[PDB]
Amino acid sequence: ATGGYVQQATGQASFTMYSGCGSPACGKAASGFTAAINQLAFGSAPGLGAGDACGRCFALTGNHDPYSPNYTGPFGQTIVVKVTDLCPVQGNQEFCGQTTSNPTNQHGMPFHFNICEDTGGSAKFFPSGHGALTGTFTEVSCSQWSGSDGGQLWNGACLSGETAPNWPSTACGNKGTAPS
């Protein structure tokens, strides 16, 4: 996509949980299941505002635990998240370090979602005792996402992806150039 970001409607991803998503990189939180996405897919860099992932909805399905590779199930449920946040390359090399020089992370995945714990997504998705998974994602209509958006936290905040056709397409737009 514009900026050299890698933004595909479907693919393979790794998954982790995180806490504290009330002031996320898109500049609006959402009261429903949400995630951060790795920088190369987010479409912006820290401090440059919303990227084109902002507001888009994705169905996430886990089917492997890379840290418990002998585990065959049960996995959690498929969940639909709205992307509100950025997982920067800096400080997140293992899961979010995809760049234009090396477009997969340490688990071989070209995308990563950090599912926010606060609003319940992680408890639905991760079986008890598992904090990292790999699997698939598919961008879906936000008709499949439940909840309401939060208020704008700063000028330029954007969740416009929530009404966009799937990638490739443009809603909030990408900022700057993808990490290398």
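All residue numbers refer to positions in the sequence shown, first residue = 1.
Enquirer: Select between 106-114 and 72-80 the stretch whose C-alpha atoms have the higher average B-factor in the entry.
Expert: If you average the C-alpha B-factors of 106-114 and of 72-80, the larger mean comes out for 72-80.
Enquirer: Going by the average Cα B-factor in the PDB entry, point out whether 128-136 or 52-60 comes out higher.
Expert: According to the entry, 128-136 carries the higher average C-alpha B-factor.
Enquirer: Looking at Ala35, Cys26, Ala41, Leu153, which one carries the largest C-alpha B-factor according to the PDB entry?
Expert: When the deposited C-alpha B-factors of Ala35, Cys26, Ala41, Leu153 are compared, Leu153 is largest.
Enquirer: Using the B-factor values recorded in the entry, state whether the Cα atom of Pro46 falls in the lowest, middle or highest third among the modelled residues of its chain.
Expert: Highest third of the chain for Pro46's C-alpha B-factor.
Enquirer: Quick one: classify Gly120 as lowest, middle or highest third of the chain based on its Cα B-factor.
Expert: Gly120: CA B-factor falls in the lowest third of its chain.
Enquirer: Grab the CA temperature factor for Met17 from the record and place it in the lowest, middle or highest third of its chain.
Expert: Tercile = middle for this residue's CA B-factor.
Enquirer: Is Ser160 in the lowest, middle or highest third of its chain when residues are ranked by C-alpha B-factor?
Expert: It belongs to the middle third of the chain when residues are ordered by C-alpha B-factor.
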